[PDB]
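Note sheet for the following structure.
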There are 2 protein chains.
Amino acid sequence: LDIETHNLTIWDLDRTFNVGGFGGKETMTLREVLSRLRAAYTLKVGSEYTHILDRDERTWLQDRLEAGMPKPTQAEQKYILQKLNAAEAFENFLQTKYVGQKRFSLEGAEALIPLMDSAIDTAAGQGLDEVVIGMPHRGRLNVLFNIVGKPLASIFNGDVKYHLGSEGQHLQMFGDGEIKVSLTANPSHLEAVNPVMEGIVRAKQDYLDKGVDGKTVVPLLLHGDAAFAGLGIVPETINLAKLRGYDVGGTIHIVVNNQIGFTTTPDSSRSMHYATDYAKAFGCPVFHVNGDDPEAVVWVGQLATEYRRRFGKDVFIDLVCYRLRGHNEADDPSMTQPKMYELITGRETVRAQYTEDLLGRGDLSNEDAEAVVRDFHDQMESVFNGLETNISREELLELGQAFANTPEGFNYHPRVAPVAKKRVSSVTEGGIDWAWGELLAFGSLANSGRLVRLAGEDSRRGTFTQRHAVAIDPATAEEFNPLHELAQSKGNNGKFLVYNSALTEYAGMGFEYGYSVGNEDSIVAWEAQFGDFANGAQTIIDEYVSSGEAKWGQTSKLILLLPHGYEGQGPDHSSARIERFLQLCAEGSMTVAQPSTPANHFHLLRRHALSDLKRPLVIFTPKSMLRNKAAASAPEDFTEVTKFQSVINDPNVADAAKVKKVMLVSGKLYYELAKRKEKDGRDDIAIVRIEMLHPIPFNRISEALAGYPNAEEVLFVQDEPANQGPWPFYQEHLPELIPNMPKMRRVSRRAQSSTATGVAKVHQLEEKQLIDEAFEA
Amino acid sequence: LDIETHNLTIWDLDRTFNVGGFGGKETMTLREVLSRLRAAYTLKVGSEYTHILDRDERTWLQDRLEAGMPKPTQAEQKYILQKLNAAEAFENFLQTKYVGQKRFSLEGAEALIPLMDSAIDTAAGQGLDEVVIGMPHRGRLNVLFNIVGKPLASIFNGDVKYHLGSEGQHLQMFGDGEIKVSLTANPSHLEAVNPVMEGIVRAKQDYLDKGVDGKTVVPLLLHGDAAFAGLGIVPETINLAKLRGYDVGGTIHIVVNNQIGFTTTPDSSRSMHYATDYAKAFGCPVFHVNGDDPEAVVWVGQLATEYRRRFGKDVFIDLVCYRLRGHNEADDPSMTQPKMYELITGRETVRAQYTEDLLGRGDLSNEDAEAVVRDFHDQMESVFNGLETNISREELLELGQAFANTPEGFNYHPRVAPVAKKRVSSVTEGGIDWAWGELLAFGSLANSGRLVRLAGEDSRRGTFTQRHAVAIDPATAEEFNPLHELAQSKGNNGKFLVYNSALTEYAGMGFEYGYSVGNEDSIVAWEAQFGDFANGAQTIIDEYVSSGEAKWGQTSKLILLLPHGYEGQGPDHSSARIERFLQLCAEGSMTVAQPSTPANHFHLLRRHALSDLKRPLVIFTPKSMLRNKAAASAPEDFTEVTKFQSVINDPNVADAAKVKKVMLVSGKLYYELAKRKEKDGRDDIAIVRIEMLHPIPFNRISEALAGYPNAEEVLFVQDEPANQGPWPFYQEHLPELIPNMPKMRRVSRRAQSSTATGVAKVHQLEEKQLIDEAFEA
Ligand SMILES: Cc1ncc(C[n+]2csc(CCOP(=O)(O)OP(=O)(O)O)c2C)c(N)n1
Ligand SMILES: Cc1ncc(C[n+]2csc(CCOP(=O)(O)OP(=O)(O)O)c2C)c(N)n1
Ligand SMILES: [Mg+2]
Ligand SMILES: [Mg+2]
């Protein structure tokens, strides 16, 4: 940036040169060229835009930045001063009338309030419908009073004010526009709101139904500088921006850069030059603005909101400010950073500086000048004053016939063709498999008129090549979605939408929780490749899915589909960790189940979607049992059987008076135990299945055991190790709920620190030993 | 890139222009300029380097890329052909002699083997000590045979071959260099090895002790394209590259870009143009190379290894290849991607293409040509043939006096000065607090001659302003580390190293597990800001810390320090989730403790560091008890008391024959219960503390209860809800280990789905109700 580096000297300043349309001129002097470049790129706004690849969007930014900030009117200037007065008035009320609020102070960063106002007002003039805000603790109550518009009485009267959500309206001072404003709930875990907020926006856009030209709900997301550079959830969520099921038309990002973490400085926080350098990975513009020049801050807010509407991409604003006090209530920040807090202590406020600048440009009259003084006193005085789930024979045949009604000149790939042919025959003959039972449920619900959404890794085809919900023609590469087409022909505007995720668990599951909150009337399901990989979304399970209703009174009906089974494929492909989910359950917080039969899975999904109980559902789904012919279901099981079963008694008992042992079991291990009973001719054993785990169906288990009056012993049989699976939960709780029951006796694998062996011959030997122990006299 | 865009035509091709030293010339024709630019930037190697900010490192890359790939010798050419022959020979043996290996095939990407060889050979010529490799499943057994150098017998004979680690030597064909080569263990969870591998390299560099000019252990890290763009752990780990405690001199990254995930294409995987676009966020160079030109691949390997040694930064290679077969053993990839697998099926191999190119440039003689044919047949034939922990009075006084031996013209900040003065007096008078007990332990061990490392968020000062292990002078900003200086004066080369992390839990804890594996003789500890935030590193707890010894036989002695207590500060600042850690324990896999007294914490840390048992330690550390004066310890407790105590019996019992109730407790709640016993004069109650949780000290608990022979009842008292804390574990296991014990009776908070309330008045009412219930007759 020095003229010496380009072989130019002081002797060239008044010579004329060809500049090729720079500043709308063909010729210019070096003195004039340097003036313009310094006015555009070196004052209170610093821009990064030349890394963008499209020529049209690079030229749009270039023309606006080199034209400069327009000179604001007197009316505009006084409106910026009134917002700064309100911001500072509220900070003073909080610090004086209440205690332990020093942690949550906005002092140093009061220009945030006029920046957020500029963006929301620009959106109202564009004609859009809503703005959804997500943010951390710092400045939250200030945003509730000055941006959402809640009364003071409402703010100051489970969980705290600093974590609950709110709604309000924003009218436009110098226009005729209105817009809704919403604030999202969040935990103390930094950046965990990022994917949840994005999902809420997509659900709201889908409900308005305005097409690709729409995208009329704006996401505004606030970060801190240390958290933005450090935590990996931030760039994981930005990567979903342009994908098919996840696009929301761009996100406006504000990073509040107060040059300190807690007791940590930027040198020990990041290996990037600026905190906002992830923008250069995704091809998006960055604006750096000085937080002590309020006219420049309101311009950057306007320019960012205009860039989002024109190009539909993400935009990043870096607001450079400082932190006046320490993070703790009684803690000295000079203890660790003494040199920085020499510059901070005993400054003038941004309000004071701006008032002095307006009263010294001589624009204002005598009457006008008195008013500016009186406004701050005004703001201060104001603040200190029996449900059946079966379908009809006719409905079932129609669902089957959807896989035959192929569009003109579409053919199926020849490994997919025989799957389609069996779906059409099965609804009369029999032999319905797991995958076809699941799709018959989601299809029936879309016909009634609901929006059904399914998302996860390789979810269109299926991980185990079992689903085939969208088919592709090998010749033409044309897509067909049979059940979506049937739904849109019944005339209740139903939809079946199926999407393939990116390789993420945290961002993926977070996005589907958000969708459930932003449309109460939708049916949403997230699937995992294997249930073993759901530990990479533990923050979302612990802080939102299991605990949200108790904390904030926020309800969800999300379905988690997690594969599970001990089939000899190693420790990272065997367990979805049942024990961990049952540890998190209390007073019916969520429903947990493991069904054995395709028809029972059908009845569970339909009960959840047609009930008034608004809590999540966790289903442990099979892998090998997907293709077992003893598991398949008849059509009368979807048409004559009315309800979902929580306990299934033994089908193969000749005489109940001869039974002496009773085995309790849950999942795929039933079919192995049943095989052995038939081979050995054991008429003294009865095998009983538990389909629902939490809540405990204790009345149905009691009825079952009452039916065998000469039973001496009760065994609990599971595949999982003795410190894993459902045994720990059941040995604690079941004896107190059924007093007359005999003492239970465990039969399982040995307790261990891993999930399962990695040697396949050891797996086969363990399984033999388990079943022999069960039948041993 | 079209000449029309720059207002130039065909009529300018033979006119001469000033080019300013391009191609080492002052003048040149447009025809010559276009030739050179196309030869340098548009053939088999594509470069991204102009985003780099330093002028010297931009010019170094520019000069090498525009000079071009050097013409390789005949000997060099035949050595590249022999490596491709070996690679393809081994793939054929695996596919024919064994089954279910189609998932793990390298067919399509055989140029990986000569790329990795080029880099390792270049490192050996630079004079460096070791190369550490981390990678996923694809190509692993090929790398074990052709790069590490294991025999076939060793490979083909718990867990599988695809997850265990190995060591070997690499000699240099045309030189006199040797270098060690190591391969790291890993789970199926993609990208979880990234932080663990980096930590292993830093531990090995620290042991060699060669200073800043050293950095002589090279990290080589292999990724897949979908995982690299999608999972957030990747950019979280790159952000640690230039930080103080974490820098290893650069990382060479290889992304194998086979243009497909599992059944998912790049369109539905990322929102970036290339998968390697995170490089532009961190200011590092990227080389894209064609995987069907083996001479270009060996050049890029050399250039990347030379760039790391000169500039000490990260470097990224994108190897563009394809995937010949499907990911499953029996699965058709044309089912989903039919158009892509029209181009793939029925191609010539990279080995075949390169042989045809050498035999058609006429360099080779008749004798030389016969040899090239016979080499592939040769490679094929070959493959198919009573420990006391106290310190002395003198050692204790010396540790105290370290906080007085300030360097010349250093003064303490005046809020830190009185802490230092009390540390010097306490070692004679009394009143030693928690923090000073912890540092007395780490200090004593550094004096004996060990390397002690402590890392975490705000760990130098402390989160609760309690530690002060490095002090800063407010006048000069000069640092002092008293205990490091005492260690280096005793002449056993001991060190006390303390570092402030970035705001990360996954990358942070991963790095400290790696350090423990790469130096068995170090004492390492990771601290969390609050124990509630450790759920963001659940992948590392589940897959490495709790399970590594059982899976792979890999041992660690890592210390986790997790703050814990119910003090009325909300649901994300109360519980470290004890219940979850005790669920993961079996057959002494790790030690779990919650000490009540500073001296007992001292004795636990020293027992762990001087034992032969090589397993992790999880300590639940206090918050409010840090400054409680009833908790402080006398000097005789560090000097006359010999061992760590697992159970502590009641100090305040006049007559043991009068006791009728016995309360068991663990942690800070002791001090509340003890206060109430004194106030009410209860000589019928005895309060007994459990300091170690797993393993269960059942012999010591039995001895304690035997001492009170007229005890009618036993209460278990905890602050946590009834489905959380240590009660679930103890109600299952303790009755079977002590048969004669009376039936236990719980006294706790009610079971719930969250951790704790968010209203402070409700917390105080709950605590009163808990203690009243305990003492109720
Ligand atoms: C996931 C997570 N990790 C760590 C913390 C602990 N924590 C609370 S506040 C804080 C500092 C954040 O600093 P920054 O993002 O720079 O913003 P500031 O509060 O200074 O505005 C940290 C690390 C947390 N709340 N959540
Ligand atoms: C954390 C995690 N998430 C998901 C998976 C499931 N998974 C196994 S292989 C695979 C595909 C990875 O594709 P890519 O990284 O492009 O490499 P390729 O195997 O095609 O070489 C996935 C998603 C996993 N193993 N770990
Ligand atoms: Mg900050
Ligand atoms: Mg790939």
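In the structure tokens, chains take the letters A, B, ... in the order shown, each chain's residues start at 1, and ligands count up from 1 in the order shown.
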
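Based on only C-alpha atoms and all ligand atoms, the protein and nucleic acid residues found within 6 Å of ligand 3 are, by chain and then by number, residues 224, 225, 226, 257, 258, 259, 260 and 261 of chain A.
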
| field | residue 635 of chain A environment, 10 Å, only C-alpha atoms, sequence neighbours closer than 2 positions dropped, as a PyMOL selection string | value | chain A and resi 393+396+426-432+599+633+637-641

Hey, can you spit out that residue selection with N, CA and C atoms as an mmCIF file, in the first residue's frame?
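In the end it all went to out.cif:
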data_model
loop_
_atom_site.group_PDB
_atom_site.id
_atom_site.type_symbol
_atom_site.label_atom_id
_atom_site.label_comp_id
_atom_site.auth_asym_id
_atom_site.auth_seq_id
_atom_site.Cartn_x
_atom_site.Cartn_y
_atom_site.Cartn_z
ATOM 1 N N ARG A 393 -59.482 -51.380 3.934
ATOM 2 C CA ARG A 393 -59.023 -52.269 2.839
ATOM 3 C C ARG A 393 -58.742 -51.442 1.597
ATOM 4 N N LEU A 396 -55.534 -49.236 1.703
ATOM 5 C CA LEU A 396 -54.324 -50.093 1.651
ATOM 6 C C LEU A 396 -54.018 -50.468 0.207
ATOM 7 N N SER A 426 -48.225 -57.622 -2.250
ATOM 8 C CA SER A 426 -48.151 -57.956 -0.809
ATOM 9 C C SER A 426 -49.412 -57.522 -0.094
ATOM 10 N N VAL A 427 -50.046 -56.453 -0.578
ATOM 11 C CA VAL A 427 -51.220 -55.810 0.066
ATOM 12 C C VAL A 427 -52.466 -56.642 -0.170
ATOM 13 N N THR A 428 -52.373 -57.755 -0.884
ATOM 14 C CA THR A 428 -53.456 -58.752 -1.043
ATOM 15 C C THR A 428 -53.014 -60.132 -0.574
ATOM 16 N N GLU A 429 -51.756 -60.513 -0.788
ATOM 17 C CA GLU A 429 -51.246 -61.892 -0.612
ATOM 18 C C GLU A 429 -50.659 -62.069 0.781
ATOM 19 N N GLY A 430 -49.780 -61.165 1.196
ATOM 20 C CA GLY A 430 -49.130 -61.203 2.511
ATOM 21 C C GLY A 430 -47.662 -60.881 2.407
ATOM 22 N N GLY A 431 -46.938 -61.044 3.500
ATOM 23 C CA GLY A 431 -45.481 -60.944 3.528
ATOM 24 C C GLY A 431 -45.020 -59.525 3.411
ATOM 25 N N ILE A 432 -45.428 -58.659 4.330
ATOM 26 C CA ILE A 432 -45.043 -57.225 4.327
ATOM 27 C C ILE A 432 -43.831 -57.086 5.236
ATOM 28 N N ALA A 599 -46.098 -54.448 11.495
ATOM 29 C CA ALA A 599 -47.438 -53.909 11.764
ATOM 30 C C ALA A 599 -47.443 -53.115 13.062
ATOM 31 N N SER A 633 -45.573 -59.527 8.116
ATOM 32 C CA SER A 633 -46.952 -59.267 8.610
ATOM 33 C C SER A 633 -47.991 -59.462 7.510
ATOM 34 N N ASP A 637 -53.485 -57.360 9.802
ATOM 35 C CA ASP A 637 -52.766 -56.732 10.933
ATOM 36 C C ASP A 637 -52.725 -55.217 10.781
ATOM 37 N N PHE A 638 -52.988 -54.684 9.594
ATOM 38 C CA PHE A 638 -53.076 -53.229 9.319
ATOM 39 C C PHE A 638 -54.519 -52.746 9.176
ATOM 40 N N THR A 639 -55.511 -53.634 9.204
ATOM 41 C CA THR A 639 -56.910 -53.355 8.795
ATOM 42 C C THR A 639 -57.920 -53.844 9.833
ATOM 43 N N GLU A 640 -57.710 -54.968 10.507
ATOM 44 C CA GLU A 640 -58.658 -55.510 11.511
ATOM 45 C C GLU A 640 -58.163 -55.275 12.940
ATOM 46 N N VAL A 641 -56.852 -55.295 13.186
ATOM 47 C CA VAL A 641 -56.237 -54.955 14.504
ATOM 48 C C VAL A 641 -56.257 -53.439 14.654
#

| message | Which residues are close to residue 376 of chain A, i.e. within 10 Å by only C-alpha atoms, leaving aside same-chain residues fewer than 5 positions away? Reply as number ranges by chain. | response | A: 81-82, 84-86, 88-89, 351, 371, 381

Any chance you could export the current selection's N, CA, C and O atoms as a compact mmCIF listing (two decimals), in the first residue's frame?
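Generated file (again-v9.txt):
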# COMPACT_ATOMS: atom_id res chain seq x y z
N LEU A 81 -29.81 9.08 17.58
CA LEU A 81 -29.45 9.59 18.92
C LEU A 81 -30.46 9.12 19.94
O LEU A 81 -30.06 8.87 21.09
N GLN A 82 -31.72 8.98 19.57
CA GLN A 82 -32.79 8.54 20.49
C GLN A 82 -32.61 7.07 20.83
O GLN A 82 -32.91 6.71 21.98
N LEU A 84 -29.64 5.39 20.93
CA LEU A 84 -28.46 5.34 21.83
C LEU A 84 -28.87 5.81 23.22
O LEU A 84 -28.37 5.22 24.18
N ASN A 85 -29.74 6.79 23.34
CA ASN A 85 -30.20 7.29 24.66
C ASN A 85 -30.94 6.19 25.39
O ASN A 85 -30.71 6.05 26.59
N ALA A 86 -31.79 5.45 24.70
CA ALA A 86 -32.62 4.38 25.28
C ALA A 86 -31.73 3.24 25.75
O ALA A 86 -31.92 2.77 26.88
N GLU A 88 -28.54 3.27 26.67
CA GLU A 88 -27.73 3.66 27.84
C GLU A 88 -28.62 3.85 29.06
O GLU A 88 -28.15 3.53 30.16
N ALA A 89 -29.84 4.30 28.90
CA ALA A 89 -30.80 4.49 30.01
C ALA A 89 -31.13 3.17 30.66
O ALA A 89 -31.26 3.14 31.89
N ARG A 351 -22.61 7.56 23.17
CA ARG A 351 -23.72 8.53 23.23
C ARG A 351 -23.18 9.93 23.42
O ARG A 351 -23.65 10.83 22.70
N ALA A 371 -33.67 20.41 22.65
CA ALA A 371 -34.42 19.15 22.57
C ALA A 371 -33.49 17.96 22.71
O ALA A 371 -33.89 16.98 23.35
N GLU A 381 -36.40 9.20 33.12
CA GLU A 381 -37.61 9.36 33.97
C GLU A 381 -38.61 8.25 33.68
O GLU A 381 -39.27 7.79 34.62

At most 8 Å from ligand 1 (only C-alpha atoms and all ligand atoms): residue list as an mmCIF file with N, CA and C atoms, in the first residue's frame:
data_model
loop_
_atom_site.group_PDB
_atom_site.id
_atom_site.type_symbol
_atom_site.label_atom_id
_atom_site.label_comp_id
_atom_site.auth_asym_id
_atom_site.auth_seq_id
_atom_site.Cartn_x
_atom_site.Cartn_y
_atom_site.Cartn_z
ATOM 1 N N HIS A 137 -26.094 -14.612 26.002
ATOM 2 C CA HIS A 137 -26.465 -13.824 27.208
ATOM 3 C C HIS A 137 -26.237 -12.325 27.039
ATOM 4 N N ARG A 138 -25.073 -11.905 26.557
ATOM 5 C CA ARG A 138 -24.624 -10.493 26.598
ATOM 6 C C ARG A 138 -25.592 -9.624 25.815
ATOM 7 N N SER A 188 -26.793 -22.502 27.899
ATOM 8 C CA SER A 188 -25.532 -21.779 28.178
ATOM 9 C C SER A 188 -24.411 -22.286 27.275
ATOM 10 N N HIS A 189 -24.514 -23.526 26.792
ATOM 11 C CA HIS A 189 -23.576 -24.142 25.821
ATOM 12 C C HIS A 189 -23.516 -23.250 24.590
ATOM 13 N N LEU A 190 -22.372 -22.628 24.329
ATOM 14 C CA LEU A 190 -22.214 -21.627 23.254
ATOM 15 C C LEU A 190 -22.391 -22.304 21.898
ATOM 16 N N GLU A 191 -23.122 -21.640 21.003
ATOM 17 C CA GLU A 191 -23.227 -21.893 19.546
ATOM 18 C C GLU A 191 -24.164 -23.064 19.239
ATOM 19 N N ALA A 192 -24.817 -23.659 20.232
ATOM 20 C CA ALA A 192 -25.714 -24.819 20.053
ATOM 21 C C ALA A 192 -27.050 -24.401 19.444
ATOM 22 N N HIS A 223 -23.015 -13.697 17.434
ATOM 23 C CA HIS A 223 -21.917 -14.517 18.001
ATOM 24 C C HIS A 223 -20.967 -13.644 18.814
ATOM 25 N N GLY A 224 -20.128 -14.257 19.647
ATOM 26 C CA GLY A 224 -18.922 -13.669 20.256
ATOM 27 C C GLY A 224 -17.678 -14.145 19.550
ATOM 28 N N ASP A 225 -16.580 -13.397 19.627
ATOM 29 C CA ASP A 225 -15.397 -13.567 18.748
ATOM 30 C C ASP A 225 -14.668 -14.871 19.060
ATOM 31 N N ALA A 226 -14.520 -15.226 20.329
ATOM 32 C CA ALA A 226 -13.778 -16.419 20.768
ATOM 33 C C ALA A 226 -14.530 -17.674 20.358
ATOM 34 N N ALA A 227 -15.841 -17.697 20.558
ATOM 35 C CA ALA A 227 -16.702 -18.855 20.268
ATOM 36 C C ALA A 227 -16.784 -19.094 18.767
ATOM 37 N N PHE A 228 -16.762 -18.042 17.967
ATOM 38 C CA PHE A 228 -16.933 -18.111 16.502
ATOM 39 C C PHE A 228 -15.738 -18.787 15.856
ATOM 40 N N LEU A 231 -15.217 -23.058 18.155
ATOM 41 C CA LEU A 231 -16.157 -24.202 18.162
ATOM 42 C C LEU A 231 -16.475 -24.601 16.727
ATOM 43 N N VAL A 256 -19.608 -9.808 17.556
ATOM 44 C CA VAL A 256 -19.281 -8.733 18.529
ATOM 45 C C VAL A 256 -17.875 -8.989 19.045
ATOM 46 N N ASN A 257 -16.922 -8.206 18.563
ATOM 47 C CA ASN A 257 -15.467 -8.413 18.701
ATOM 48 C C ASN A 257 -14.960 -7.434 19.748
ATOM 49 N N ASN A 258 -14.985 -7.836 21.013
ATOM 50 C CA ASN A 258 -14.588 -6.990 22.163
ATOM 51 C C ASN A 258 -13.175 -7.362 22.603
ATOM 52 N N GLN A 259 -12.450 -8.106 21.773
ATOM 53 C CA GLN A 259 -10.978 -8.262 21.840
ATOM 54 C C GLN A 259 -10.572 -9.019 23.115
ATOM 55 N N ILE A 260 -11.447 -9.885 23.643
ATOM 56 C CA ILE A 260 -11.216 -10.672 24.895
ATOM 57 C C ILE A 260 -12.283 -11.772 25.013
ATOM 58 N N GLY A 261 -11.897 -12.948 25.523
ATOM 59 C CA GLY A 261 -12.801 -14.080 25.809
ATOM 60 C C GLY A 261 -13.412 -13.962 27.196
ATOM 61 N N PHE A 262 -12.724 -14.499 28.209
ATOM 62 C CA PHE A 262 -13.063 -14.392 29.655
ATOM 63 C C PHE A 262 -11.862 -13.765 30.379
ATOM 64 N N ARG A 323 -15.041 -4.263 26.088
ATOM 65 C CA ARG A 323 -15.777 -4.726 27.290
ATOM 66 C C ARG A 323 -15.322 -3.876 28.474
ATOM 67 N N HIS A 327 -16.030 -9.988 33.470
ATOM 68 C CA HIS A 327 -17.073 -11.013 33.189
ATOM 69 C C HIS A 327 -17.766 -11.429 34.494
ATOM 70 N N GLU B 457 -9.399 -24.126 29.569
ATOM 71 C CA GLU B 457 -9.887 -22.731 29.417
ATOM 72 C C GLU B 457 -9.608 -21.957 30.699
ATOM 73 N N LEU B 503 -11.379 -22.115 22.925
ATOM 74 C CA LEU B 503 -12.740 -22.432 23.395
ATOM 75 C C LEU B 503 -13.207 -23.668 22.629
ATOM 76 N N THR B 504 -12.769 -24.841 23.077
ATOM 77 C CA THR B 504 -13.068 -26.164 22.474
ATOM 78 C C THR B 504 -13.047 -27.230 23.560
ATOM 79 N N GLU B 505 -13.870 -28.262 23.415
ATOM 80 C CA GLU B 505 -13.934 -29.412 24.343
ATOM 81 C C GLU B 505 -13.500 -30.681 23.611
ATOM 82 N N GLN B 529 -14.126 -25.833 32.175
ATOM 83 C CA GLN B 529 -14.569 -24.582 32.825
ATOM 84 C C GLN B 529 -15.626 -24.940 33.851
ATOM 85 N N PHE B 530 -16.633 -25.691 33.425
ATOM 86 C CA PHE B 530 -17.611 -26.406 34.274
ATOM 87 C C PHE B 530 -17.756 -27.814 33.730
ATOM 88 N N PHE B 533 -20.023 -28.984 30.574
ATOM 89 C CA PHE B 533 -19.655 -28.745 29.161
ATOM 90 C C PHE B 533 -18.815 -29.888 28.602
ATOM 91 N N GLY B 536 -19.700 -32.160 25.228
ATOM 92 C CA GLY B 536 -19.236 -31.784 23.887
ATOM 93 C C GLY B 536 -17.961 -32.488 23.495
#

| message | Would you pick out the contacts of residue 421 of chain A at 9 Å or less, using only C-alpha atoms, so that residues sharing its chain but fewer than 4 positions from it are not included, and give the list as a PyMOL selection string? | response | chain A and resi 403-404+417+425-426

| field | Residue contacts of residue 651 of chain A (12 Å, only C-alpha atoms) excluding same-chain residues fewer than 5 positions away, as a VMD selection string | value | chain A and resid 656 674 678 686 to 689

Now that the selection is made, can you save its residues with C-alpha atoms as an mmCIF file, in the first residue's frame?
data_model
loop_
_atom_site.group_PDB
_atom_site.id
_atom_site.type_symbol
_atom_site.label_atom_id
_atom_site.label_comp_id
_atom_site.auth_asym_id
_atom_site.auth_seq_id
_atom_site.Cartn_x
_atom_site.Cartn_y
_atom_site.Cartn_z
ATOM 1 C CA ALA A 656 -51.022 -72.578 30.201
ATOM 2 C CA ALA A 674 -38.573 -69.116 19.715
ATOM 3 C CA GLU A 678 -39.823 -75.490 18.815
ATOM 4 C CA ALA A 686 -43.470 -69.163 27.719
ATOM 5 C CA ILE A 687 -41.696 -66.198 25.953
ATOM 6 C CA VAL A 688 -43.266 -62.668 26.468
ATOM 7 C CA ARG A 689 -42.129 -59.544 24.527
#

| task | Report as a ChimeraX atom specification: the residues of segment 107-306 of chain B with a DSSP assignment of helix (DSSP H, G or I), based on the backbone of this structure. | result | /B:112-126,140-148,152-155,194-208,225-230,233-238,266-268,279-282,294-306

| said: I'd like the contact shell of residue 347 of chain A - 12 Å cut-off, only C-alpha atoms, skipping same-chain residues fewer than 3 positions apart - returned as an NGL selection string. | reply: :A and (107-108 or 292 or 322 or 324 or 341-344 or 350-353)

| Polymer residues at most 9 Å from segment 441-447 of chain A, only C-alpha atoms, same-chain spacing of 6 or more positions, as a list in words |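 My reading of the contact set: residues 391, 395, 396, 399, 483, 484, 486, 487, 488, 489, 490, 491, 492, 493, 494, 495, 496, 523, 601, 602, 603, 605, 606 and 609 of chain A.
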
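Among the candidates B:50, B:539, B:459, B:411, the one nearest to ligand 2 when counting only C-alpha atoms and all ligand atoms is B:539.
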
| field | Nearest-residue call for ligand 2, choices B:194, B:47, B:597, B:263, using only C-alpha atoms and all ligand atoms | value | B:263

| query | In Å to one decimal, how far is atom CA of residue 561 of chain A from atom CA of residue 619 of chain A? | reply | 5.3 Å

| Per-residue DSSP, segment 421-651 of chain B, filtered to strand (DSSP E), as a PyMOL selection string | chain B and resi 451-456+471-472+479-480+495-500+523-527+559-563+591-593+617-621+647-648

| Pick from B:363, B:306, B:766, B:318 nearest to ligand 4, counting only C-alpha atoms and all ligand atoms | B:318

| request: Take atom CA of residue 247 of chain B and atom CA of residue 526 of chain B and report the distance between them in Å, one decimal. | output: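 Taking atom CA of residue 247 of chain B as the start and atom CA of residue 526 of chain B as the end point, the length is 17.6 Å.
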